[PDB]
Structures are given as structure tokens and as C-alpha cells.
Amino acid sequence: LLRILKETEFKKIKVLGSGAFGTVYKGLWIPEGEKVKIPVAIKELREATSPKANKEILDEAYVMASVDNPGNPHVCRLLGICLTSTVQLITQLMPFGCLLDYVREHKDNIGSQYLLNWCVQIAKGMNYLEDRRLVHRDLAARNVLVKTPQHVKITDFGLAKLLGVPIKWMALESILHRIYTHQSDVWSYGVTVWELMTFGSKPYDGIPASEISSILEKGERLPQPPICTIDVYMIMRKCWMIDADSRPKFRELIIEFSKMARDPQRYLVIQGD
Ligand SMILES: *CCC(=O)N1Cc2nc(-c3cccc(C#Cc4ncccn4)c3)n(-c3ccncc3)c2C1
């Protein structure tokens, strides 16, 4: 179910960019009983980052591979793992990067059907992890990769559990008492949708991370995006509720956004449709 990878099976050729708690590389894969050299994406995680031993990390990474079966078209399967001095994670090399970059670079050229479709896709993958009882703990436009412009897939799930902080994305219970539930991921989904609807703007721009906790208590939220009708922004605002059970469910989000995709011009006001 989970491929254990020898150091000679792969080699991190180029670097894609550095992460907050590690570095992301572009590499190759010459498997055990295979002679081809498959291009892969390798995630080297910094040493002593995870407060677990390699055998504890291994057994926990076995369930993040159980997710890969029966699978989901909007969930990133992990190809293999390298548990040596550091934790290295192999996945397919997606040449079109994250949706955070896609919306920032394509801002003008992006349509309304696209954003609502992406919002259904992100909720479709998150509902799958809810049903397979995995809690992402870090969902944002950065951890959602563009396979093709109409196919986004969520990556970096369970990684936060694997180690031991995105303040501007966490639900208030996660910030205050480190409580991560399936409903805390719905707060992140709302923030993630706010990122798409604001062409990659940084949430709470200006406000320090330390401040956010009190800002959410004063009932202040991310503003209504200049394309979002009150209808859509209300879905977003509902995700950011204080009582976690009161926030929408991922089944309900798929449903509400699927309805909006039928007539995207009614729910999103972009110049070009
Ligand atoms: C758009 C740039 C950005 O912010 N990105 C964040 C990011 N991370 C990764 C990535 C690299 C290597 C491995 C993984 C993984 C995983 C995983 N963990 C648990 C369960 C399932 N999968 C994630 N990428 C990335 C870059 C290029 N190709 C693929 C992924 C990005 C992009």
C-alpha cells in the first residue's frame, strides 16, 4: 500500500522552492522491479522536525496511503517515503504548481465558472478525507495543486499530524486550544475560497499572527471579495463561525457550490462573462 523508498531508487535533481519546515525538489524515480526513470516531486523535511521516531512516522504514513485506496480524483496520492535521517515524501510531479500561484498569475484571464468549479473540487476532496476520517489541519490555496486548469487536487494532508503553524488559516479552536476537527478544516476551506475569490490576496494583510485570535473574537472576518455576491460571501462567512458544528458541512458545501456553478454569472461578477 505504501512504497518504502531506497536512496538509490530516487535522486532530487532540481529544486522547486523551499517550504516553511523543509525544501521541495523535482526528481527522478528508478523503482525496484522497473527500469524506467519516472519524474517525481520530493519533499525533504528538515531534521528533528517531527516529534516521532522513523518507525512511528512510518506507521502514521501508512494511513496517509490507505486514503489513496479507493482514492479520489481531487486528493494527491503519495507514491513513496524515505525514512532516513530526514523524512522525504515522493508524489507525482505536477508541472502547473499550486492554485495560489495560478490565481495570482492569471487574475484577469480567470472566469467565474473556474472559481466555483475549483470551490466544488476542493470541497469534493475534503469531503473524501472527512469520510475516510483524515483531518488535513493545513488547507490553503498553496496546498491545492493544479493538475490541469479545470482539475485541482489537495496535497500535504496529515503532514501537520506527522510533525509539530498557519495562524491566518486556522479555525479559532485550533488557534486557542489546538483543537483540530473536521469542522476546523471547513474554516480553512472558507479561507482557501476567500484566496481564490481575491486572486491570491494574503488573508488579514497587515495584521500580525499573534493578533488574529483577538480579531476573530471581535467578530471581524476576511472582507467580501469584489467579485463575490452576498450569496457566495455568506457561504464563506458561515465557515468562519465560532461554534464549529454551526459552520457548514463538506457535503453541504459541495451541494451549495454545485448549484452556483449552474449559473456562475449570478453568483460571481467578473468582467468577461
Ligand atoms: C505553488 C507552490 C506551493 O506553494 N506548493 C506547496 C507544495 N508542496 C508540494 C509537495 C512536494 C512534494 C511532496 C508533497 C506531498 C505530499 C503528501 N503528503 C501527504 C499525503 C499526500 N501527499 C507536496 N508541492 C508540489 C510541487 C510540485 N509538484 C507537486 C507538489 C507544492 C506546491
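Note that ligands are numbered from 1 as they come in the structure, with each ligand's atoms numbered from 1 the same way. We number each residue from 1, following the sequence as shown.
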| message | How far is atom 19 (C) of ligand 1 from the closest protein heavy atom, and which atom is that? | response | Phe157 O, 3.4 Å
| Counting from 1, what ligand 1 atoms have a heavy atom of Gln92 closer than 4.0 Å? | 29 (C)
| query | Relative to the heavy atoms of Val24, which atoms of ligand 1 are at a distance of less than 4.0 Å? | reply | 11 (C)
| Is the backbone of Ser66 close enough, under 3.5 Å, to the side chain of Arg132 for a donor and an acceptor to pair up by distance? | yes
| Going by the order shown, which atoms of ligand 1 are within less than 4.0 Å of some heavy atom of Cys76? | 21 (C), 22 (N)
| Quick one: which ligand 1 atoms are inside 4.0 Å of a heavy atom on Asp101? | 1 (C)
| request: Could you tell me the separation between the NE2 atom of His74 and the NE2 atom of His151, rounded to the nearest 0.5 Å? | output: 5.0 Å
| query | Contact between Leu100 and ligand 1, counting heavy atoms under 4.0 Å? | reply | no
| field | Backbone of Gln88 reached by a side-chain donor or acceptor of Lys43 within 3.5 Å | value | no
| query | What part of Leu159, side chain from CB on, backbone N/CA/C/O, both or neither, has a heavy atom under 4.0 Å from ligand 1? | reply | neither
| task | Do me a favour and list the nearest non-hydrogen protein atom to atom 25 (C) of ligand 1 with residue, atom name and distance? | result | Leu145 CD2, 4.0 Å
| field | Numbering as shown, the atoms of ligand 1 that approach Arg142 to under 4.0 Å (heavy-atom distance) | value | 3 (C), 4 (O), 5 (N), 6 (C)
| query | What atoms of ligand 1 come closer than 4.0 angstrom to any heavy atom of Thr91? | reply | 12 (C), 13 (C), 14 (C), 15 (C), 16 (C), 22 (N)
| task | Could you tell me whether a side-chain N or O of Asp68 sits under 3.5 Å from a main-chain N or O of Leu78, the two making a donor and an acceptor? | result | yes
| Main-chain N/O of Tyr204 paired to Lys168 side chain as donor or acceptor, under 3.5 Å | yes
| said: Tell me if a side-chain donor or acceptor on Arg104 pairs with a main-chain N or O of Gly200 at a distance below 3.5 Å. | reply: yes
